[PDB]
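A single chain, nothing else alongside it, follows as structure tokens in the form deposited in one PDB entry.
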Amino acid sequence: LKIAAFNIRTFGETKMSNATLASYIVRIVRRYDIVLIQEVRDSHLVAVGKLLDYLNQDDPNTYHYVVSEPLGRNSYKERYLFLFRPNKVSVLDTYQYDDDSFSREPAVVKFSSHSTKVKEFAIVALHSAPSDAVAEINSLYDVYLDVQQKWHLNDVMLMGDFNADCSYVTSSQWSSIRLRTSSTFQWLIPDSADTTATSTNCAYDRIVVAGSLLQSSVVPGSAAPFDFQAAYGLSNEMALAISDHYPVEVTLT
């Protein structure tokens, strides 16, 4: 099973209405069984509708989805969108963590997976606020505890664009982040990875796993950023038109 987290810069009607752009997004999305799409700025779900239409052109149930409400303290809101192949996994339950620790309160989905060692697991999504990256990543530790009590599940994948490097999270701040220091979690995407399509070299996008079953289901060395620029022979300009971030992915067995 292939899972990815993808920050698609300002995913909305404008990008989904460009046929060239749409085609590349569709291509990327089709690589995965489960894909978290962040930065969905689509109050009426018109862009999301268009995407599913493309994905479901040959079989109406190729992909299904779960979408959060528009999240944000002020006028700037984003949804978390989970795309999944219904023949591979099912959604057992979902929940919106709500506390005010986060700009975009984490969306949590409990999945059933027939084809892998782990049979049931949750995914916690987070597109952190660049400005409050340290505190938010640190707050995810409490979300993990929450999920654990709510569903009696230890097998949890924490994923998204954490802004977890470069100017947002410096080297001296790591020690104050419980999600990082705790031995309960395994960070699949290392600090040395480059998850940006831009000129920077930053490990913004992360994949964090907790639980013995989930940890043992991970295929060694499968976790990495997917450089779509290199894969598809695009120019930097074309790559940036799709997104400023690369998806981060992992394979489960």
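Between two forms, the rigid core is the largest collection of C-alphas that superpose within 1.5 Å. Numbers for residues come from their place in the sequence shown, where the first is 1.
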Farther-lying stretch by C-alpha RMS in 8 other deposited structures of this protein (rigid core fit) among 128-136, 72-80: 72-80
Can you count the deposited residues that have no coordinates between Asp99 and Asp100 and report it as none, 1 to 3, 4 to 9, or 10 or more? 4 to 9
Higher avg CA temperature factor (150-158 vs 102-110, as deposited) belongs to 150-158
Per the PDB record, is the mean Cα temperature factor higher over 227-235 or over 18-26? 18-26
Highest-ranked of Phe121, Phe84, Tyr76, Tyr168 once sorted by CA temperature factor in the record: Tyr76
Based on the PDB record, which member of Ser192, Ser222, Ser216, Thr195 exhibits the highest Cα temperature factor? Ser216
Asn138 by Cα B-factor - lowest, middle or highest third of the modelled chain: lowest
Third assignment of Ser131 from its chain's C-alpha B-factors: highest
Grab the CA temperature factor for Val209 from the record and place it in the lowest, middle or highest third of its chain. middle
Relative C-alpha B-factor of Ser182, binned into the chain's lowest, middle or highest third: lowest
Based on the entry's values, in what third of the chain does the Cα temperature factor of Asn163 lie: lowest, middle or highest? lowest
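From this point on, the text means the form deposited with a partner chain bound, which you will not see here.
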Candidate stretches 218-226, 50-58, 31-39, 191-199 - the one whose heavy atoms come within 4.5 Å of its partner chain in the deposited bound form: 50-58
So which of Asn87, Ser112, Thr170, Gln96 gets a non-hydrogen atom within 4.5 Å of its partner chain in the deposited bound form? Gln96
Any of the heavy atoms of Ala107 lying within 4.5 Å of its partner chain in the deposited bound form? yes
With heavy atoms only and a cut-off of 4.5 Å, decide whether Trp187 touches its partner chain in the deposited bound form. no
Considering only heavy atoms, tell me if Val46 and its partner chain come within 4.5 Å of each other in the deposited bound form. yes
